[PDB]
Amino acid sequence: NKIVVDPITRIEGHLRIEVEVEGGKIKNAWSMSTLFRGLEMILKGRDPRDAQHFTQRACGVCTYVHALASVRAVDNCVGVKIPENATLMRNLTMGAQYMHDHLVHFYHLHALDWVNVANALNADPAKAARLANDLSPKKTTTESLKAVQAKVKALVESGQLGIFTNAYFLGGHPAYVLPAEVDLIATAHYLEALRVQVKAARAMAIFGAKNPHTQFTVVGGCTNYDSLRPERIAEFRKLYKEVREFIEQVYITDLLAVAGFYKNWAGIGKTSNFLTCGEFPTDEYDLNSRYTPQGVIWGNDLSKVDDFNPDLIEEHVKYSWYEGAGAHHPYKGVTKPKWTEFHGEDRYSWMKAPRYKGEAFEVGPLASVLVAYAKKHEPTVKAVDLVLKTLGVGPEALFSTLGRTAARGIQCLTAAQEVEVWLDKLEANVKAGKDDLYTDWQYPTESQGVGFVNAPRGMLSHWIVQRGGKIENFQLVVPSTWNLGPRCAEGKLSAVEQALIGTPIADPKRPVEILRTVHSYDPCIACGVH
């Protein structure tokens, strides 16, 4: 028998999950993306300088990342070398995007699959505050905790539960095991993260103009000369520190604490094959000048990290709603939507299926962190150790749904640590009078270019083919297309489908075990299909 979850909530976009259960365990799975917008079809024949504004709208959650991959793809296809300050400013804006993205995912998108908010009402606030105080250096008081409990009570007592209506933990659930006291610390932090996210977004807006959907980037560099002022760098620096502190003192600490009561998840939802293009370059034409490294892990072998080769990417359409069964490298991509209904001709998704050298891969924080760690990136290596050491598990615990979740915590902090470096430089350059943000450029007659971005959800690449300053071809291959796409022509399961197999389901009528797995991937259906 089947279990269908539609809609999957607490994600971006329209996803439907259908699974086959057998002996209380997922035995087969299908990832169904149900909205198509067709951004690559709309781009056809337009001015490459407009691309960035259209592409950015593929998604407003991972806002900015597509503006960047687009300006990087047109920078590359026109051979322009942007100034150092535009490189630094583009990096700070991405750093701030990881800070924000990650924090919002953990608390508002994911926490609710592990936390029973209703149980918080049963916690002894003084006992919750003592524990909280043994977990981080930030002092918590009973009263602040008693206050959150009064909020929950005030809400429950009105009968209008809002977003808690029909929650899966209503009236208990066997898969929800934290003590009521951890449920209350986590609820107090969820409300707190709602206010921090506002500061993380504002910091991004200092360089980005606004959040969501930045408007400060161009092919050739950046436009924001205003933010090059000491006052505006000071401002950003203040918000940055408030947010950084919160990730180090509350997000990370809560992450390890909850993970600590769900150690059996360190053996659920395992995958092989990881890839990344790295992020934060010094040289915009060198994948190896990036802070976080690029590489390819095969199986689960961290001893041999290969070189990332984009020539090995092909996108399949055998099980998607597009004409025929051809797989194409992105420069030769085609987008001819052909609907055949749910499982019509066995096609079940609006997402194409990217395969690497014909194999299914996983992209994202886990993939990124495994490459960095295997390649011995100190920040990463110091951070992974902290975590394993804190959960008392080894690195083999990283290949799981639990690992997929701790890695996002790790990727969020390493990014956070480096923001200080770029700021500092940006600032020293401006003090020395070096203030350029833009480089002039001209179009070749005919050219092709690729933009590689390691978005919060993994490997993003925008591919362009231009002739006369007009787009001939514009293909996007998004991280969620990798993780959540259907099977390929060779019938291989995408990373989410494969992570599902084996998951145990307590109550099939309230199957949060599917959500825990699906959510660990941070799906973005708007991005995966565009």
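When you see a residue number, it is the position in the sequence shown, counting from 1.
Mean Cα B factor from the PDB record: higher for 489 to 497, or higher for 52 to 60?
The recorded data point to 489 to 497.
215 to 223 versus 141 to 149: which one carries the higher mean Cα B factor per the record?
Mean B over CA atoms: larger for 141 to 149.
When you compare the CA B-factors of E242, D183, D124, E314 as listed in the entry, which one comes out on top?
Answer, based on the entry's C-alpha B-factors: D124.
Take the CA temperature factors straight from the PDB entry and tell me which of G458, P395, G409, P310 peaks.
Of the candidates given, the C-alpha B-factor peaks at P395.
Compare the C-alpha B factor of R516 with those of the other modelled residues in its chain, then answer lowest, middle or highest third.
It belongs to the middle third of the chain when residues are ordered by C-alpha B-factor.
Hey, what third does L109 fall into on Cα B-factor, ranked over its chain?
CA B-factor rank for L109: middle third.
Taking the chain's C-alpha temperature factors as the reference, tell me which third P83 falls into: lowest, middle or highest.
Within its chain, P83 is a middle-third residue by C-alpha B-factor, going by the deposited values.
By the recorded C-alpha temperature factor, relative to the other modelled residues in its chain, which third is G159 in?
For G159, the deposited C-alpha B-factor lands in the highest third.
Taking the C-alpha B-factors as the PDB entry records them, is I11 in the lowest, middle or highest third of its chain?
According to the entry, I11 has a C-alpha B-factor in the chain's lowest third.
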